[PDB]
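Heads up: the structure comes next, in C-alpha cells.
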Amino acid sequence: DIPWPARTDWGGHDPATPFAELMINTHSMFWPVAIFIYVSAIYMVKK
Amino acid sequence: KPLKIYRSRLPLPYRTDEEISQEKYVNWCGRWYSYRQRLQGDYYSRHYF
Amino acid sequence: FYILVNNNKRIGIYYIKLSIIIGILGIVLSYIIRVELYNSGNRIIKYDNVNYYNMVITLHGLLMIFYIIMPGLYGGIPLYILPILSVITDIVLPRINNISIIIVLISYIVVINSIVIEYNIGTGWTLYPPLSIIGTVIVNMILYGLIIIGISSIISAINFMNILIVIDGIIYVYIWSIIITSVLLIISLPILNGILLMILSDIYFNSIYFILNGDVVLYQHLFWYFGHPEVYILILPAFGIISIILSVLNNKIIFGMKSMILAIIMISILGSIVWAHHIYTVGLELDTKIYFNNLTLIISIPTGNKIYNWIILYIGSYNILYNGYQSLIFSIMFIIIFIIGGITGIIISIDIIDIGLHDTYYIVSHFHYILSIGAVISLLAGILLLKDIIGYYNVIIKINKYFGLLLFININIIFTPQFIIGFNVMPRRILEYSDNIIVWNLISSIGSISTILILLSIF
Amino acid sequence: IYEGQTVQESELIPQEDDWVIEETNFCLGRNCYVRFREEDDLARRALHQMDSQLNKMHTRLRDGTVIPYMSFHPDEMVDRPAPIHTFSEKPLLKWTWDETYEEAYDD
Amino acid sequence: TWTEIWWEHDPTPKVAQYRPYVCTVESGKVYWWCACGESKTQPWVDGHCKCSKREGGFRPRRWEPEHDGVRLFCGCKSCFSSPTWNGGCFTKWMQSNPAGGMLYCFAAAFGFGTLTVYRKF
Amino acid sequence: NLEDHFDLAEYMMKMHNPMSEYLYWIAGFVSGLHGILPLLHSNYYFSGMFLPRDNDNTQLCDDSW
Amino acid sequence: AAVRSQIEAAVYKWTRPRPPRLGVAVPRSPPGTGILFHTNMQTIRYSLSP
Ligand SMILES: CCCCCCCCCCCCCCCCCC(=O)OC[C@H](COP(=O)([O-])OCC(O)COP(=O)([O-])OC[C@@H](COC(=O)CCCCCCCCCCCCCCCCC)OC(=O)CCCCCCCCCCCCCCCCC)OC(=O)CCCCCCCCCCCCCCCCC
Ligand code: HEA
Ligand code: HEA
Ligand SMILES: [O-][O-]
Ligand SMILES: [Cu+2]
Ligand SMILES: [K+]
Ligand SMILES: [Zn+2]
Ligand SMILES: [Zn+2]
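Which chain is which? The protein sequence lines are 4O, 4I, 4Q, 4Y, 4T, 4S and 4M, in order.
Take the first sequence: its letters are residues 355 to 401, numbered as in the entry's author numbering.
Take the second sequence: its letters are residues 140 to 188, numbered as in the entry's author numbering.
Take the third sequence: its letters are residues 405 to 863, numbered as in the entry's author numbering.
Take the fourth sequence: its letters are residues 24 to 130, numbered as in the entry's author numbering.
Take the fifth sequence: its letters are residues 33 to 153, numbered as in the entry's author numbering.
Take the sixth sequence: its letters are residues 2 to 66, numbered as in the entry's author numbering.
Take the seventh sequence: its letters are residues 4 to 53, numbered as in the entry's author numbering.
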C-alpha cells in the first residue's frame, strides 16, 4: 500500500492483486539463481 | 638474377670464447624449462577447474 | 603549438584532460542531486525553482554519457595507444583527429552557456516528446550540442575503421573492441540524427509528428535504437582495456582470444536488436515484448563468456609479484562490480519484473554500477597502466590502497541503497518523496559527500 | 591451445652430471622515479630519460645471449614517455614457416 | 602434490610444522625464510640447514615487510604465498592425514551451516 | 633535436611553468561553477533567497529555527 | 584411540595417490636425473590428490 521506513522489501511488498503476487514470485524465483551466478564467479577471483 | 646476401660477412655480437662454449648448456636449460612449463599447465588446469 | 597539434598521442591527452574538466561539472551536479535527496523538504533548491532540478538531472546524464565517459574511453585511451598497438607511425586521418576534439569542446561550451543564459528547465537525458518539444530554448541548445557531438563521434569512428587498412601487426582484442564500437556508431548515429531532426522540426519548424494522430512512441523507438547501442559503445572499450591489463599484469596470454573477439562481435549484433526493453511499459504487443525479452536475455551468454575468461587470467598468476597496484585492483574490481550491474540488468529484463521496477531508483543503481563504478574504474585503470607511457605525475594514485578501498566502499554506499528503494518504491527524476524513504536516501547521500572528499586525496 | 614448445627426451640429456638450472636473476634492479640533475638542461634531461628505459634492458645468459625485456603488446616498446615519432622503422613481426628455396643455400 | 606425483626435479621440503609461525617483523629489515624445514631457528634460516648451505636446490627465501606488525609465516614450507601463510599448512596436513582433514572440514561446514541457516531461515 | 624528441618535453622533463597547471585547475573550477551559480541565481529569481532553509516549504513548529 | 588410529591408517593407505595420467604430450625424463631446479622458482600451488 504505502512505503514504510527502513524496509528492504526485496522483490516487492503488500500485493493486493493476483498479478502483484506474480511479480513478487517471479523475482523470488530468479533471486537464488542470481546469487549462484555471483557466488560461483566471485569465489574464483584470486591468484 | 636475384641479389645475393652472404651471412659470412655479417659482424656478430660480441661473445667471449668462454660464453661460446656454454651454448649447449643454455639450450639444455631451455628444454627443461619448456618441459616443466608444459607439465605444470596440466597440473594447474586440473587444480583450479 | 597547442590547438594546432595533429599528433594522435597529444590529442589523446586532450581527450582525457577535457573529460576530467567536464567531469568536474558532472560530479558537481551529482552532488546537488544527492544533497537535495538527503531528506524530505527543500534543502538547496526552492520549490519555485524545481525546474532547476529537472535541468540538473538532465545535464548530469547527458554530460557524463556524451562529454565525459565516451570522450574518455572512446576518444582518450584509443587515440593514444591504438596506433601503437597497430605498429603504425600515426593515426590514418591526422586533420580529422584534430577537429574532433575541438568539436567536443565547442559543443561543451554551447551547453554550459545555455545553462547561464537560457531559462533552466529539464526533460531528462532521453528528451522524450511532447515534453521536450513544449520547452524553452535551452532544449534547442542541447539539441545543437548533441548533433555537433554526433559529428565528432562519427568522424572519429571513420578514423578508427581505417586502421584495418594500415595495421601492420595482429588485431589484438583491444583493437577489435574499438573497431566494433566504431561499427556500432556508424550504424546507430544516422538513425539518431534523423529522430533528433524531427524533434527540431517540431520545436522550430511547426512540424506535427509529436501531436495527436502522430505517435509519440515513434521517438522512443528511434531514440532507443541508438540508446542501447550507446551503452555498449560505452562499455566495449572498457572491456578491451580490462583484457590488456589482466594479461599484462599477470604475465598471462589471453585465454580464448578468438572467443573474446567473437563475444564482442556477438554483443554488438545483439545490442543492435534489443532496444525495446526500454519501452516495456508503453503497451507494445505481446509477441514484440516476448521477442525483445528473449533476445535481451541472450546477451548474457556472450557477456558471460568474457567474464569467465577474465577470471582465469587472474587465476594462477605468480604470488611474488605485488598485487596491490591500483591498476590491477581496479581491473579486478571491475569484474566484481560488472557482475552486479549485469545481473540486475537481467532482473529488469524480465518485463513483468520491469513493470514494478521501471522509472525507479533500481534502474539508476543498475546503470551506475556499470558506468559510474565500472566504466570510471576501467578508464582509471587504463590510464594508470599507461602512466609511464603517458608520463603524468604530481598525483598519488599508482600505489594507493586507501583510495581504492575508500572508493569501493563509499561508491557502494551510494548505489546499493538505491536498489532497496526500487521496491519501496521511490520513482526516478523526482526531488521530493515520502518521509518513509528518508533512511535509505540519507545513507546514499552520506556516501556521495564521502566519495567527493576521497577525490581530493589523490593530489 | 598453446602449451609450450615440444621437447624430445634426447634434448633433456645433459653433457655433464653436475648440470643444474642456471640461477640468473631476472629482476632488472631497484628503481624509482627517474631523478634528473638540476644542472642538466632540457636537452641533457632528455638524454637522461633515454638512458633509463627498462625496455632497453636485458639479462645475459651463461652463453652470451641475452633475453630482452619482452611484452605481449607493442605499447611497451616505445620510449617512456612516448616521443612524438615512435616507429620510424616499421616494427617487424617475425613469422616462421618450413618453406625454403635453393637460392638461399650454397654447396 | 606437484613434487610428490607430478614432478621429480624440484626440491621437496620437509614439513617443520603444520601450523604457521607467528613473528613480529619490522619495516626496513630483510628476513630469510627456511625452505627446507630443517632449520632450528624456524621460521628463519639458521646458517646450518640446507638453505644456508645451498644444498640440493634449497635457498633462503628473501622477505621484507611493508609495515611493522605481527605476520604469520609458513611452517609446512609449501604454502602458495610462502614465506607468508595463507592456509596451505592445513591443506598439506589434510593430504598427509585425510581422515583428520574430513573431521575438521565437517566441523567447520557444520558450524557455517548452522549459523547461516539460523540467521536467514 | 633532443628537446623535440618527447611530446610536451618541458612537462615530461619537469621544467614546465606551474601556471599551466594552475590554468587547468582553474578551468575545472569554472566548469564546476556552472552548476552552482545558476542554482543560486534561479533560486533568488523565483523566491528572493539564494538558498532555502531546510524544510521551509513545509509546516514548521513554533520553536523551529 | 585404537579405533581412531585404525581408521586413520585405513583412510591414509587408500588415498595415497597414483601417478597422473598426463593429458599432455611431454617427454620422459632422462633416467637418473635428480633435482635440477631450486626453491626460488615461482611457487607452484600445493594441490590435494583427487
Ligand atoms: C575528476 C577530477 C579528479 C581526477 C583524479 C584522477 C586523475 C588521474 C590522472 C589523470 C592524468 C591525465 C593525463 C595528464 C597529462 C598531462 C600532460 C601535461 O601536463 O601537458 C602539459 C600541459 C601544458 O604544459 P606546457 O607544455 O608547459 O605548456 C606551455 C604552454 O603551452 C604555453 O605557456 P604560456 O604560459 O605561454 O601559456 C599561455 C597561457 C597564458 O596564461 C596567462 O597569461 C595566465 C595569467 C593568469 C590567469 C589565471 C586565471 C585568472 C582567473 C581570474 C578569475 C577572476 C574571477 C572573478 C570573479 C568575481 C566575482 C565577483 O594561457 C593562455 O593564454 C590561455 C589559457 C586558457 C586555458 C585556461 C582557461 C581557464 C578557465 C577560463 C574560463 C572562462 C569562462 C568564461 C565564461 C564567459 C561567460 C560569458 O599541461 C597543462 O596544460 C597543465 C595540466 C595540469 C594537470 C595535469 C594532470 C595531473 C594529474 C591529475 C591531477 C588532478 C586534476 C583534476 C582536475 C582539475 C580539478 C580542478
Ligand atoms: C554501459 C552501461 C550499461 C550496460 C552494460 C547495460 C547492460 C544491460 N542492461 Fe542496461 N541500462 C543502462 C546501461 C547499461 N546497461 C542505462 C544507462 C539504462 C537506463 C537508461 C534510461 O532508462 O534512461 C539501462 C536500462 C536498462 C533497462 C531498462 C529498465 C527500465 O527501463 O525499467 C533494462 C531492462 O531490460 C536493461 C537491461 C540490461 C541488460 C539485460 C544488460 C546486459 O548487458 C547485462 C549482461 C551482463 C550480465 C548478465 C552479467 C555477466 C554475465 C554473466 C555473469 C553470465 C551468467 C549470467 C546469466 C546467465 C544471466 N538496461
Ligand atoms: C557515466 C555517466 C555517469 C556517471 C559517472 C554518474 C555518476 C554519478 N551519478 Fe549519475 N546518472 C547518469 C550518469 C552518470 N552518473 C545518468 C545517465 C542518469 C540519468 C539521468 C536522468 O535521469 O535523466 C544519472 C542519474 C543520477 C541520479 C538520479 C537523479 C534523478 O534523475 O532523480 C543520481 C542521484 O541519485 C546520480 C548520482 C550520481 C553520483 C552520486 C555519481 C558519481 O559522482 C558517484 C561517485 C563517482 C565519482 C565522483 C567518480 C566519477 C569520475 C569521473 C566520471 C571522471 C572520470 C574521468 C577520467 C577517469 C579521466 N546520477
Ligand atoms: O540499456 O541497457
Ligand atoms: Cu538498453
Ligand atoms: K528533498
Ligand atoms: Zn632451510
Ligand atoms: Zn604452509
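Ideal Cβ positions, reconstructed from N, Cα and C, are used throughout, including at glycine.
| Item | Value |
| --- | --- |
| Residues whose Cβ lies closer than 5 Å to any heavy atom of ligand 8, in chain order | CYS106 (chain 4T), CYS108 (chain 4T), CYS111 (chain 4T), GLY120 (chain 4T) and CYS121 (chain 4T) |
| Minimum length 3: unbroken beta strand (DSSP E) runs contained in the stretch 35-97 of chain 4T | 53-57, 63-65 and 93-95 |
| When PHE40 (chain 4M), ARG48 (chain 4M) and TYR49 (chain 4M) are compared against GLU87 (chain 4T), the one with the closest alpha-carbon | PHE40 (chain 4M) |
| CA nearest to the CA of residue 903 (chain 4Q), picked from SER32 (chain 4S), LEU52 (chain 4S), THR59 (chain 4S) and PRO53 (chain 4S) | Any answer about residue 903 (chain 4Q) is impossible in this case: the structure gives chain 4Q only from 405 up to 863. |
| Spatial neighbours of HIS381 (chain 4O) in its chain, beta-carbon cut-off 6 Å, leaving aside the 5 residues before and after | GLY365 |
| Helix, strand or coil at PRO152 (chain 4I) according to DSSP, with G and I counted as helix | coil |
| Contact with chain 4O by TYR726 (chain 4Q), beta-carbon distance below 8 Å | no |
| Contact list for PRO150 (chain 4I) against chain 4Y, beta-carbon separation under 7 Å | Those within 7 Å of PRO150 (chain 4I) in chain 4Y number zero; the least Cβ separation is about 15 Å. |
| Distance CB(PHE627 (chain 4Q))-CB(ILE590 (chain 4Q)) smaller than 8 Å | no |
| Residues near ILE824 (chain 4Q) by beta carbon distance below 8 Å, same chain, minus five either side | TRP844 |
| Sub-8 Å separation of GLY107 (chain 4T) and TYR50 (chain 4T) beta-carbons | yes |
| Residue nearest to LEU35 (chain 4Y) in terms of C-alpha spacing, selected from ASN166 (chain 4I), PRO150 (chain 4I), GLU158 (chain 4I) and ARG148 (chain 4I) | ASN166 (chain 4I) |
| Cβ-heavy atom distance, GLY808 (chain 4Q) to ligand 6, below 7 Å | no |
| Proximity test, Cβ basis, 8 Å: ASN828 (chain 4Q) and chain 4Y | no |
| Interface partners of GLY760 (chain 4Q) on chain 4O, CB under 7 Å | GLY366 and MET377 |
| Residue span of the alpha helix (DSSP H) that contains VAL496 (chain 4Q), given as start and end | It is not in any alpha helix (DSSP H) - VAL496 (chain 4Q) carries neither H nor E in the DSSP assignment. |
| Beta-carbon neighbours of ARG175 (chain 4I), restricted to chain 4T and to distances below 9 Å | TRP39, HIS41 and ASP42 |
| Contact with chain 4M by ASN723 (chain 4Q), beta-carbon distance below 8 Å | yes |
| Beta carbon of residue 951 (chain 4Q) nearer than 8 Å to that of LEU784 (chain 4Q) | Limits of chain 4Q in this structure are 405 at one end and 863 at the other, which puts residue 951 (chain 4Q) out of reach. |
| Backbone secondary structure at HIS367 (chain 4O) - three-state DSSP | coil |
| Contact with chain 4I by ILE553 (chain 4Q), beta-carbon distance below 8 Å | no |
| Contacts around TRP529 (chain 4Q), its chain only, beta-carbon distance under 6 Å, and the 5 residues preceding and following it disregarded | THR462, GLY465 and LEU466 |
| Cut-off 7 Å between Cβ atoms - residues of its own chain near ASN118 (chain 4T), not counting five sequence neighbours on either side | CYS111 and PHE112 |
| Three or more C-beta pairs below 8 Å linking the stretch 594-608 of chain 4Q and the stretch 564-572 of chain 4Q | no |
| Among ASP792 (chain 4Q), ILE751 (chain 4Q) and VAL686 (chain 4Q), the one whose alpha carbon lies nearest that of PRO106 (chain 4Y) | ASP792 (chain 4Q) |
| Listed by chain order, chain 4I residues near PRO30 (chain 4M) by CB distance under 7 Å | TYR174 |
| Proximal chain 4M residues relative to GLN179 (chain 4I), where beta-carbon distance stays under 9 Å | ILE47 |
| Cutoff 8 Å: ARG60 (chain 4Y) Cβ touching any chain 4S Cβ | no |
| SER852 (chain 4Q) at chain 4O interface by Cβ criterion, 8 Å | no |
| Residues, ordered as in the chain, of the stretch 67-82 of chain 4Y that lie near chain 4S by beta-carbon distance below 9 Å | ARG67, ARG68, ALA69, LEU70, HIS71, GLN72 and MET73 |
| Contained alpha helix (DSSP H) runs [length at least 4] in the stretch 593-664 of chain 4Q, N- to C-terminal order | 621-654 |
| Neighbour-count burial assignment, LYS117 (chain 4Y), 16 or more Cβ in a 10 Å radius | exposed |
| Per-residue DSSP class, three states only, for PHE742 (chain 4Q) | helix |
| The stretch 437-453 of chain 4Q touching the stretch 41-61 of chain 4S, judged by at least three CB pairs closer than 8 Å | yes |
| Alpha helix (DSSP H) runs contained entirely in the stretch 788-848 of chain 4Q, provided each spans 4 or more residues | 791-794 and 805-824 |
| Beta carbon nearer than 5 Å to a non-hydrogen atom of ligand 4 | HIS632 (chain 4Q) and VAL635 (chain 4Q) |
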